[PDB]
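Peer 1: Quick one: the structure is below, questions incoming.
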Amino acid sequence: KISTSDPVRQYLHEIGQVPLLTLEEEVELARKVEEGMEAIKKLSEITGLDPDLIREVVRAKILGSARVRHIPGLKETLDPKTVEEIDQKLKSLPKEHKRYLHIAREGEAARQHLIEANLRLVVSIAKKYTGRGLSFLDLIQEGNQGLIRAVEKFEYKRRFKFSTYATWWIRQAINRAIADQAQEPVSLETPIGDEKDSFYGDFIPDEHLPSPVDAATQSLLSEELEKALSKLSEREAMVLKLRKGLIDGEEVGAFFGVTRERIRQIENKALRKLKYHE
Amino acid sequence: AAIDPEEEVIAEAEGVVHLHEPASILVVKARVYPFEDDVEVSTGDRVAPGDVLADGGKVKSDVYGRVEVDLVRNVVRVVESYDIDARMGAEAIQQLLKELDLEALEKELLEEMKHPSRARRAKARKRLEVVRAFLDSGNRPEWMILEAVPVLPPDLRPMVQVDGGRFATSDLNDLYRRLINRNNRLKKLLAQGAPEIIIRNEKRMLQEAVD
Amino acid sequence: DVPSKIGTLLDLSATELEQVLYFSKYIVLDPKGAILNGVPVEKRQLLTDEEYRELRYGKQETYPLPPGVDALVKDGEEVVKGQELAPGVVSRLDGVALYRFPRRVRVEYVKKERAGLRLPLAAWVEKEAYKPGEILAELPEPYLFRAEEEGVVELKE
């Protein structure tokens, strides 16, 4: 049925089942996660293997079974066959080192239990970006991306709690994706005039295919521009080169650090000599 | 051990360690399998009775379940489950379709059709139609679900400049962006670690936007 | 589409199974799902998140305690169907009681010492089968004999 309320009684059910004990469990899991982090690092040391690699082998073992397989640096490696090789390499490693495996396991599974508990927060966050130009579900999913992001960074040592730490990283994922994804272009099919049967593609003719003077012009343009750009002192050129043409619009803020007089001055004089060399 | 090295509960002269007040109480259905000497096989795995449970031979657990590892009481609980191949959404059905013998289902339906008495075999007839359809000069039913989506060319769903700073868009492109969005966020949701209900929510979104 | 092309084909509740599981998280057993429920492996059949969680997770349960009470945490080992856990804390979910998150903890230091006394000689009044709580000497009318020594009066509760 209608997925308005489905992923809500999805979320609020296991958050109903796990609304974290504000301190107790909350931190219980954070600690476990760091325990995993370091267990993993020392395991990298003992095995000569990659930290994120061990990380992912653990992850694969916990979730039961998965394709998974994406990592920084590389992108793959044989999954069902090989992962167990890594597990039995964990089985050789005596009590002393085995311990780190047991703990890392508990850690990563705690990490997931944590996110699962903290999702209703994402819900209530994304609730205040409703009519922004993204779907509520799109909003929330970006939020959850932000909360996972928060989990990977969080240092429980410094006493402040995850609720308000995560708040930020969620707001960041949301306002991040909002800029990209979200008077706009009007749809191609609308009743025009007498609202009978006309679609607004009906009414518009064709002009030109080649749309020329684009590639060739830019080709001459940027090159010559750059030629004279280079032929005068780079301070002056570059100033309103990038001030006017690599971010935004400012003369008040223009100077790195000289007089408004001097920017004004050398700007103008630079242009002058640039246009007509004597 | 607590946060600050400042006053943590350091051990005094020998003391038997009892506990009074829990915050809550767990009632998991599980088997308690202590181990004393040597190590084991860590939290999470499947068992029934497996191979090498605890101490490296002595202990082996009978009942089917999921492994936990207790570092305090050096015990392992074994909760009720095993690799229970349970799937949700289209992936599951892709599988279902791939494992189907339409020849077999044909004969099965033949019998299902004629032999049961009337008021029933109507739907077996209608079902037979589609099976025959497939096994006729027809194709294999596993393509009935998608994992590759063709994109329509662009000029058939074009983009243009009307009256100045307005543009106009074939409605199909906003749906195609909807689906690029969802599918990509899915990929990076698998990359950036994978809590189930969230990935499902995304997968559901994905279905929704293909539809 | 009217005859649900896939829902008719696959042995399906030719409508609601598919609607249900495609869009939602609902499930059907892929190949072998060995375990228990009130029937064995259900090769083709479907279920809710409740029963499914009751298979991926097992059968966990939370029982809350007002900041003060605690009956049987020491039973961090056993529990039955419908067990008393505290004053107003039942538990029908039958499994194994487990200590969650503690507060109070008892350290017993167990101080040793050594002391003297004086008995009815001929009367058997010393067994090694006696530990604490146990009998020492019985029924001599009376005792008042010489505890040879003297000093300052000191008594412990």
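Scheme for the structure tokens: letters A, B, ... for chains in order shown; per-chain residue numbers from 1; ligand numbers from 1 in order shown.
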Kindly determine which residues of chain A lie within 8 Å of chain C, considering only C-alpha atoms, and give the answer as a list in words.

Peer 2: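 The selection requested is residues 1, 6 and 24 of chain A.
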
Peer 1: Write a file of the just-selected residues containing N, CA, C and O atoms, as a PDB file, in the first residue's frame.

Peer 2:
```pdb
ATOM      1  N   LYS A   1       0.826  -1.208   0.000  1.00  0.00           N
ATOM      2  CA  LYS A   1       0.000   0.000   0.000  1.00  0.00           C
ATOM      3  C   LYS A   1       0.866   1.266   0.000  1.00  0.00           C
ATOM      4  O   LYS A   1       2.100   1.182   0.030  1.00  0.00           O
ATOM      5  N   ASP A   6       4.402   3.445   5.278  1.00  0.00           N
ATOM      6  CA  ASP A   6       5.104   2.159   5.345  1.00  0.00           C
ATOM      7  C   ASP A   6       6.499   2.300   5.974  1.00  0.00           C
ATOM      8  O   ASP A   6       6.789   1.637   6.971  1.00  0.00           O
ATOM      9  N   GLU A  24      23.243   4.996  28.464  1.00  0.00           N
ATOM     10  CA  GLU A  24      23.637   3.577  28.520  1.00  0.00           C
ATOM     11  C   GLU A  24      23.958   2.943  27.166  1.00  0.00           C
ATOM     12  O   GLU A  24      25.120   2.823  26.769  1.00  0.00           O
TER      13      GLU A  24
END
```

Peer 1: Compile the residues of chain A that lie within 6 Å of chain B, evaluated using only C-alpha atoms, and express the compilation as a compact mmCIF listing (two decimals) with C-alpha atoms, in the first residue's frame.

Peer 2:
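Dumped to result_7.txt:
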```
# COMPACT_ATOMS: atom_id res chain seq x y z
CA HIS A 70 32.83 -1.63 -3.18
CA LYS A 95 43.48 -16.38 21.55
CA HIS A 102 35.46 -11.16 18.24
CA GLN A 112 24.29 -1.03 12.38
CA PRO A 185 11.70 25.18 -17.03
CA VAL A 186 8.00 24.48 -17.68
CA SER A 187 6.79 21.03 -18.75
CA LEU A 188 6.47 20.33 -22.49
```

Peer 1: Within 8 Å of chain C, which residues of chain B are there when counting only C-alpha atoms? Please give them as number ranges by chain.

Peer 2: B: 13-30, 32, 64, 79-90, 92, 95-97, 127, 130-131, 144, 200, 204, 207-208

Peer 1: Could those selected residues go to a file with C-alpha atoms, as a PDB file, in the first residue's frame?

Peer 2:
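again_28.pdb, written as the output of this step:
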```pdb
ATOM      1  CA  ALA B  13      41.719  -7.238  48.171  1.00  0.00           C
ATOM      2  CA  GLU B  14      39.900 -10.303  46.811  1.00  0.00           C
ATOM      3  CA  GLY B  15      36.159  -9.945  46.492  1.00  0.00           C
ATOM      4  CA  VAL B  16      33.341 -12.083  45.164  1.00  0.00           C
ATOM      5  CA  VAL B  17      31.513 -10.021  42.568  1.00  0.00           C
ATOM      6  CA  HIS B  18      27.725  -9.958  42.720  1.00  0.00           C
ATOM      7  CA  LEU B  19      25.208  -7.777  40.899  1.00  0.00           C
ATOM      8  CA  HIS B  20      22.053  -6.125  42.209  1.00  0.00           C
ATOM      9  CA  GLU B  21      20.346  -3.628  39.889  1.00  0.00           C
ATOM     10  CA  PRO B  22      20.041  -4.074  36.120  1.00  0.00           C
ATOM     11  CA  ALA B  23      18.439  -1.362  33.976  1.00  0.00           C
ATOM     12  CA  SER B  24      16.468  -3.918  32.026  1.00  0.00           C
ATOM     13  CA  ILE B  25      16.388  -7.667  31.455  1.00  0.00           C
ATOM     14  CA  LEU B  26      16.760  -9.632  28.233  1.00  0.00           C
ATOM     15  CA  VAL B  27      14.833 -12.836  27.719  1.00  0.00           C
ATOM     16  CA  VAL B  28      16.451 -14.357  24.643  1.00  0.00           C
ATOM     17  CA  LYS B  29      15.687 -17.968  23.771  1.00  0.00           C
ATOM     18  CA  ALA B  30      19.154 -19.474  23.576  1.00  0.00           C
ATOM     19  CA  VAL B  32      24.279 -21.347  27.147  1.00  0.00           C
ATOM     20  CA  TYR B  64      20.146 -24.673  15.226  1.00  0.00           C
ATOM     21  CA  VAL B  79      19.616 -18.055  19.220  1.00  0.00           C
ATOM     22  CA  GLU B  80      17.046 -19.656  16.880  1.00  0.00           C
ATOM     23  CA  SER B  81      17.920 -19.309  13.216  1.00  0.00           C
ATOM     24  CA  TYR B  82      19.850 -20.544  10.239  1.00  0.00           C
ATOM     25  CA  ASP B  83      20.585 -19.245   6.748  1.00  0.00           C
ATOM     26  CA  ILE B  84      16.904 -18.822   5.937  1.00  0.00           C
ATOM     27  CA  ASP B  85      16.862 -17.745   2.360  1.00  0.00           C
ATOM     28  CA  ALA B  86      14.286 -15.056   2.572  1.00  0.00           C
ATOM     29  CA  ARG B  87      14.038 -12.336  -0.059  1.00  0.00           C
ATOM     30  CA  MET B  88      11.961  -9.229  -0.757  1.00  0.00           C
ATOM     31  CA  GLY B  89      11.323  -7.289  -3.963  1.00  0.00           C
ATOM     32  CA  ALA B  90      12.160  -8.107  -7.561  1.00  0.00           C
ATOM     33  CA  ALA B  92      13.549 -12.697  -5.293  1.00  0.00           C
ATOM     34  CA  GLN B  95      15.350 -15.933  -8.912  1.00  0.00           C
ATOM     35  CA  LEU B  96      11.877 -17.535  -8.881  1.00  0.00           C
ATOM     36  CA  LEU B  97      11.583 -17.187 -12.644  1.00  0.00           C
ATOM     37  CA  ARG B 127      -2.568 -20.228 -16.407  1.00  0.00           C
ATOM     38  CA  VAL B 130       0.548 -18.016 -20.445  1.00  0.00           C
ATOM     39  CA  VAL B 131       2.827 -21.010 -19.926  1.00  0.00           C
ATOM     40  CA  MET B 144      10.018 -10.324 -17.375  1.00  0.00           C
ATOM     41  CA  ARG B 200      15.003  -1.512   1.396  1.00  0.00           C
ATOM     42  CA  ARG B 204      11.343   0.449  -2.887  1.00  0.00           C
ATOM     43  CA  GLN B 207      10.805   0.215  -7.945  1.00  0.00           C
ATOM     44  CA  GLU B 208       8.357   3.094  -7.493  1.00  0.00           C
TER      45      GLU B 208
END
```

Peer 1: I'd like to know which residues of stretch 70-187 of chain B are alpha helix (DSSP H) (by DSSP, run on the backbone); could you write them as a VMD selection string?

Peer 2: chain B and resid 90 to 98 102 to 114 122 to 135 172 to 187

Peer 1: How many Å lie between atom CA of residue A:23 and atom CA of residue A:114, rounded to one decimal?

Peer 2: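 These two atoms are separated by 12.7 Å.
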
Peer 1: Can you tell me, as a list in words, what residues are no more than 9 Å from stretch 73-90 of chain A when counting only C-alpha atoms, ignoring any on the same chain fewer than 2 positions away?

Peer 2: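 Using only C-alpha atoms, the neighbours found are residues 47, 54, 57, 58, 60, 61, 65, 66, 67, 68, 69, 70, 71, 92, 93, 94, 97, 98 and 101 of chain A.
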
Peer 1: Using only C-alpha atoms, can you tell me which of A:121, A:204, A:179, A:126 comes closest to residue A:163?

Peer 2: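 So, comparing all the options, the nearest one is A:121.
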
Peer 1: Which distance in Å separates atom CA of residue A:166 and atom CA of residue A:50, to one decimal?

Peer 2: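 It comes out at 27.6 Å.
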
Peer 1: Let me make sure I understand: among B:59, B:1, B:67, B:109, which one has the smallest atom-to-atom distance to residue B:121 if we use only C-alpha atoms?

Peer 2: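 Of B:59, B:1, B:67, B:109, the one nearest residue B:121 is B:109, counting only C-alpha atoms.
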
Peer 1: Going by DSSP on the backbone, which residues of stretch 78-184 of chain B come out as strand (DSSP E or B)? List them as a ChimeraX atom specification.

Peer 2: /B:78-79,86-87,159-161,167-169

Peer 1: Include C-alpha atoms and write out the residues we just selected as a compact mmCIF listing (two decimals), in the first residue's frame.

Peer 2:
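Result file again_3.txt:
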```
# COMPACT_ATOMS: atom_id res chain seq x y z
CA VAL B 78 22.89 -19.73 20.24
CA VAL B 79 19.62 -18.05 19.22
CA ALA B 86 14.29 -15.06 2.57
CA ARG B 87 14.04 -12.34 -0.06
CA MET B 159 14.94 20.03 -24.40
CA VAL B 160 14.59 23.62 -25.67
CA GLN B 161 14.69 27.40 -25.39
CA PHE B 167 13.34 26.21 -21.06
CA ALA B 168 10.98 23.38 -21.90
CA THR B 169 11.32 19.71 -21.12
```

Peer 1: For residue A:120, which residue among A:96, A:14, A:234, A:224 is the nearest when counting only C-alpha atoms?

Peer 2: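 Ranked by minimum distance to residue A:120, first place goes to A:14.
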
Peer 1: Separation of atom CA of residue B:50 and atom CA of residue B:35, in Å?

Peer 2: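 Those two atoms sit 16.4 Å apart.
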
Peer 1: Nearest residue to residue A:235 out of A:253, A:152, A:207, A:266, using only C-alpha atoms?

Peer 2: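 For residue A:235, the nearest of the given residues is A:266.
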
Peer 1: Using only C-alpha atoms, determine which residues lie at most 9 Å from residue A:34, disregarding the query and same-chain residues fewer than 3 positions distant; provide the list as a PyMOL selection string.

Peer 2: chain A and resi 29-31+37-39+104+107-108+155-156

Peer 1: Please provide as a list in words all residues within 9 Å of residue A:251, with the sequence filter that same-chain residues fewer than 2 positions apart are discarded (counting only C-alpha atoms).

Peer 2: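 Answer for this query is residues 253, 254, 255, 260, 263 and 264 of chain A.
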
Peer 1: Write to file, as a PDB file, in the first residue's frame, the residues of the selection just made, with N, CA, C and O atoms.

Peer 2:
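This is the output file result_8.pdb:
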```
ATOM      1  N   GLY A 253      36.154  43.798  -1.282  1.00  0.00           N
ATOM      2  CA  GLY A 253      36.836  42.567  -0.922  1.00  0.00           C
ATOM      3  C   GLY A 253      37.889  42.114  -1.915  1.00  0.00           C
ATOM      4  O   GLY A 253      38.415  41.008  -1.793  1.00  0.00           O
ATOM      5  N   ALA A 254      38.197  42.963  -2.894  1.00  0.00           N
ATOM      6  CA  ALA A 254      38.925  42.558  -4.097  1.00  0.00           C
ATOM      7  C   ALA A 254      40.324  42.169  -3.720  1.00  0.00           C
ATOM      8  O   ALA A 254      40.701  40.999  -3.794  1.00  0.00           O
ATOM      9  N   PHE A 255      41.097  43.184  -3.365  1.00  0.00           N
ATOM     10  CA  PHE A 255      42.463  43.016  -2.920  1.00  0.00           C
ATOM     11  C   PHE A 255      42.616  41.823  -1.988  1.00  0.00           C
ATOM     12  O   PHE A 255      41.779  41.608  -1.105  1.00  0.00           O
ATOM     13  N   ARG A 260      42.025  49.927  -1.579  1.00  0.00           N
ATOM     14  CA  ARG A 260      40.990  50.017  -2.601  1.00  0.00           C
ATOM     15  C   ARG A 260      41.464  50.891  -3.755  1.00  0.00           C
ATOM     16  O   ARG A 260      41.185  50.631  -4.938  1.00  0.00           O
ATOM     17  N   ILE A 263      43.813  48.720  -6.092  1.00  0.00           N
ATOM     18  CA  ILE A 263      43.127  47.748  -6.931  1.00  0.00           C
ATOM     19  C   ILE A 263      42.527  48.572  -8.057  1.00  0.00           C
ATOM     20  O   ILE A 263      42.757  48.270  -9.219  1.00  0.00           O
ATOM     21  N   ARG A 264      41.722  49.577  -7.704  1.00  0.00           N
ATOM     22  CA  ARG A 264      41.137  50.491  -8.691  1.00  0.00           C
ATOM     23  C   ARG A 264      42.177  50.878  -9.754  1.00  0.00           C
ATOM     24  O   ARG A 264      42.014  50.615 -10.959  1.00  0.00           O
TER      25      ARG A 264
END
```
